[PDB]
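Engineer: Here is the sequence, then the experimental structure:
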Amino acid sequence: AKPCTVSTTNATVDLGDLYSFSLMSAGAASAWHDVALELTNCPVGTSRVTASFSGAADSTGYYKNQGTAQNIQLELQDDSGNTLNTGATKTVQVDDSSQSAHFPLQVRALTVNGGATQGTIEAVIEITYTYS
Amino acid sequence: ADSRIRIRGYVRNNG
Ligand SMILES: [Co+2]
Ligand SMILES: [Co+2]
Ligand SMILES: [Co+2]
Ligand SMILES: [Co+2]
C-alpha cells in the first residue's frame, strides 16, 4: 500500500539518573519510560502499518549500551507485554478518522548479570515501516 | 531508517 508520512522521525526517551547501588544485583532494572512513534496523512487504502526494529544487541539479546556505563542493557516493549528486540516487528491499524497510526512503546534499563558501572547510557533503535 | 529511538540516561556512582 501507499506509505504514510512519518511524523516522529526521531524520538528520545530519557531514563534519567540511575544509581549503581540500585543496579548492583543481577536482575535489577529501572522503571519503564514511555516513548511513541506516529505516522500521519495515511492514504486511503492503507489500513496497517508494520514497524520493524533493529539495533545493536549484546549477548543477553537486549539492546547494547553504547555509552560508557558497563553491564547495562536496554529493553524495548510495546504496550502489551511484547519485547521488541532486534528484528522484531509490531503492526497497528490505521485510524481512518484521523488518517494516522501510532506505536506506544516503553523502555527500561536492566542489568542481566549485575554490577552496572558509572557512566552514560546511549542506544539507538532504528525503525523501518511497511504498509499494507 | 524511517524513525530512530534514542535512549539516554546516566548511571551515577553511589556504591
Ligand atoms: Co525517569
Ligand atoms: Co537527561
Ligand atoms: Co517515566
Ligand atoms: Co493508542
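Structural biologist: Perfect, I can see it now. Numbers count the residues shown, from 1 in each chain, chains lettered A, B, ... in the order given. Ligands and ions are numbered 1, 2, ... in the order given.
Engineer: who are the neighbours in contact with the residue sitting nearest the centre point of chain B?
Structural biologist: Residue closest to the mean C-alpha point of chain B, counted by C-alpha atoms, centre = their mean, is residue B:8 at 2.2 Å. Neighbour list for residue B:8: A:12, A:13, A:14, A:15, A:120, A:121, A:122 [criterion: C-beta atoms under 8 Å, 6 or more residues apart in numbering or on different chains]. In this view, the C-beta of every residue, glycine as well, is placed from N, C-alpha and C.
Engineer: hmm, try it at 7 Å
Structural biologist: Residue B:8 is in contact with A:12, A:14, A:15, A:121, A:122, counting by C-beta atoms under 7 Å, 6 or more residues apart in numbering or on different chains.
Engineer: Only the buried subset of these, as a PyMOL command please.
Structural biologist: Buried residues within the contacts of residue B:8, by 16 or more other C-beta atoms under 10 Å in any protein chain shown, are selected in PyMOL with:
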select buried, chain A and resi 15+121+122
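Engineer: Save the contacts of residue B:8 as CSV, and put in secondary structure and distance to chain B too.
Structural biologist: Listed next are those as CSV, based on DSSP: H, G, I helix; E, B strand; the rest coil; distance: C-beta to the nearest C-beta, whole Å:
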residue, secondary structure, distance to chain B
A:12, strand, 5
A:14, strand, 5
A:15, strand, 3
A:121, strand, 4
A:122, strand, 7
